[PDB]
Amino acid sequence: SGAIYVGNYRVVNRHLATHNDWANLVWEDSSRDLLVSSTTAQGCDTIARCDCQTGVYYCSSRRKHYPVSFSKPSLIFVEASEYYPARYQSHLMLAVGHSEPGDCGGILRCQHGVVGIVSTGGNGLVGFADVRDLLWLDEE
Ligand SMILES: CC(C)(C)c1ccccc1NC(=O)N1CCC[C@H](C(N)=O)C1
Ligand SMILES: [Zn+2]
């Protein structure tokens, strides 16, 4: 589990969104595994607006933050799961790192701010849903 809290927005994995998230919906995209809901309190996270391909992510199944090198956002095949049919997931970045299903939502960050959240895993790989192109998260 986990979320990004920027401005009056809460950014979560679409597959882990709550009923309250759906009842306060701002935007959602199944192809990216992202959902954004509105919040009453202002958040403290800032979004990175950069070209970094190195950073640090939080792994809840180890209670540890790991440095990683990750690929640029791309269209990657994600096999059918308990949450989606077999499809291509867009804006996904891959790295070598530990992950388990419950690790989804952990933040990936660089020196500029939050880059994305854990969205896929298994086999010693971890995939992150990029949020750096979502410029509207910085306003309203
Ligand atoms: C062993 C699995 C379950 C693959 C796994 C292991 C470790 C971490 C996560 C996951 N889960 C996963 O990658 N899925 C299921 C949830 C939705 C994901 C998506 N964005 O389409 C794809
Ligand atoms: Zn950066």
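Only this structure's heavy atoms are used, side chains among them; waters, hydrogens and symmetry mates stay out. Position 1 is the first residue of the sequence; numbering continues from there.
- Side-chain contact check for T120 and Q89: no donor-acceptor pair (N or O, by modelled atom type) lies under 3.5 Å.
- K64 places none of its side-chain heavy atoms less than 4.5 Å from the side chain of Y58.
- Following chains of ILVMFWY side-chain contacts shorter than 4.5 Å, one cannot reach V12 starting from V131, and the two form parts of different hydrophobic clusters.
- Here the closest non-hydrogen pair linking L25 and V36 is CD1-O, 3.7 Å.
- Using modelled atom types and a 3.5 Å distance limit, the side chains of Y84 and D33 yield a donor-acceptor pair.
- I76 CD1 to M93 CE: the interatomic distance, rounded to the nearest 0.5 Å, is 11.5 Å.
- For the atom pair CG of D130 and CZ of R32, the computed distance is 7.0 Å after rounding to the nearest 0.5 Å.
- A donor-acceptor contact shorter than 3.5 Å links the side chain of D45 to the backbone of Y5.
- The NE2 atom of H98 lies 9.0 Å from the OG atom of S60; values are rounded to the nearest 0.5 Å.
- Between the side chain of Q53 and the main chain of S71, a donor-acceptor pair closer than 3.5 Å is present.
- Partner of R10 under the side-chain hydrogen bond (donor to acceptor under 3.5 Å, both in side chains) criterion, out of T18, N20, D21: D21 alone.
- Atom-to-atom distance recorded for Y88:OH and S74:OG is 12.0 Å, nearest 0.5 angstrom.
- Atom CZ in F77 sits 13.0 Å away from atom CG in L92 (nearest 0.5 Å).
- Minimum interatomic distance between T40 and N8 (heavy atoms only, all atoms of both residues): O-OD1, 3.3 Å.
- Nearest heavy-atom pair, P73 versus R132, reported as atom, atom and distance to 0.1 Å: CD-NH2, 4.2 Å.
- Looking at heavy atoms from C-beta onward, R49 lies in side-chain contact with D138 at the 4.5 angstrom threshold.
- Under the 4.5 Å side-chain contact rule for hydrophobic residues, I47 and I107 share a cluster.
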Practice item. Would you check, one step at a time, whether the test side-chain contact (heavy atoms from CB on, under 4.5 Å) holds for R87 with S30? Key: CA-CA 10 Å; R87 78 214 210 285; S30 171; 4.3 Å; yes
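- Ring pair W136/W27 is perpendicular by interplanar angle, where above 60° counts as perpendicular and below 30° as parallel.
- In plain terms, the two heavy atoms of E139 and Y9 that are nearest each other are O-OH, 3.2 Å.
- At least one side-chain heavy atom of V11 sits under 4.5 Å from a side-chain heavy atom of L137.
- With contacts defined as side-chain heavy-atom distances shorter than 4.5 Å, the pair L34/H91 does not qualify.
- Considering all non-hydrogen atoms of both residues, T39 and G7 come closest at OG1-O, 4.0 Å.
- Without hydrogens or angle criteria, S61 side chain to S99 main chain gives no donor-acceptor distance under 3.5 Å.
- Both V114 and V26 are part of a single hydrophobic cluster, where members link through side-chain heavy atoms under 4.5 Å apart.
- Between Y66 and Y57, the angle of the ring planes lies from 30° to 60°, which puts this pair in the tilted group.
- Taken from CZ in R14 to OG in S31, the straight-line distance is 9.5 Å, to the nearest 0.5 Å.
- Both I4 and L134 are members of a single hydrophobic cluster when ILVMFWY side chains are connected at heavy-atom separations under 4.5 Å.
- In plain terms, the two heavy atoms of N13 and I117 that are nearest each other are N-CD1, 3.6 Å.
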